[PDB]
Structure formats: C-alpha cells, structure tokens
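Residue numbering for the sequence shown follows the authors' numbering, starting at 5 and increasing by one per position.
Step one of this worksheet: look at the structure below.
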Amino acid sequence: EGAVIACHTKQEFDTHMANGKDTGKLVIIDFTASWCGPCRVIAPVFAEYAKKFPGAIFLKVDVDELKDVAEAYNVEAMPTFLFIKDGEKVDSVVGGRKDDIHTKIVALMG
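Set out below in structure tokens:
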C-alpha cells in the first residue's frame, strides 16, 4: 500500500524479494543503519518514494540487524540503495542521492 517494508529477518527479506521477482515488480532495498546520519536524512524521502511508486516494492534492511544480507550484497557505504529486477541486482545508488534514486526508479520501472 505504498509503504516501506522493514525486513527484520532474512525470512522476511526473502519472502518480499520472492514476491517482487514473481510479480515482475522492481524492488528497491535501502540498506540503512540507525547510527547513520545520512541514512536518517534520506529515510523520509525513501518513504515518500514508496507512496509515489505503489507499483514497486520498497524494502528497508538495517545492516546491523541483517549482517548476512548486507554482506551478501557487498554493502560498503551507508546508505546503499540496491535495485532488483527478476530477483537479480540491476543497479545501485551509494549515498542519499535523492534525484539519482528517483531517476533510477522511473527509468527501471519503464
């Protein structure tokens, strides 16, 4: 319903990722951290993108909660936005680059 889904377990992450893959929707993951200032700044923006693009799935993964998922995706700066289509990584934005994130959503959705 145009909401950011906070994934608190790998199981939670995987079920939403599978839903995206299955339904052909773009999935955007915000790899974030509670200690991260830049993450805080971009958080409400990511939430507003979720409302703006109800046809895409917006996931939030706290890197200290899901250390294995962050590792598997090679997250090495915070925040990192990964773009997933058909289950596979297709793009990324490193840092709270508001315009770049918007541009990439619009472009990858169509």
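All residues carry an ideal CB built from backbone N, CA and C; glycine is no exception.
Asked: Does the separation of the CB atoms of residue 94 and residue 85 fall below 8 Å?; Found: no
Asked: Which value, in whole angstroms, describes the spacing of the CA atoms of residue 22 and residue 67?; Found: 20 Å
Asked: Could you give the residue range of the alpha helix (DSSP H) that holds residue 86?; Found: Premise fails: residue 86 lies in the beta strand (DSSP E), 84–89, not in any alpha helix (DSSP H).
Asked: If I follow the unbroken beta strand (DSSP E) through residue 63, where does it start and stop?; Found: 61–66
Asked: Which two residues bound the contiguous beta strand (DSSP E) that contains residue 35?; Found: 31–36
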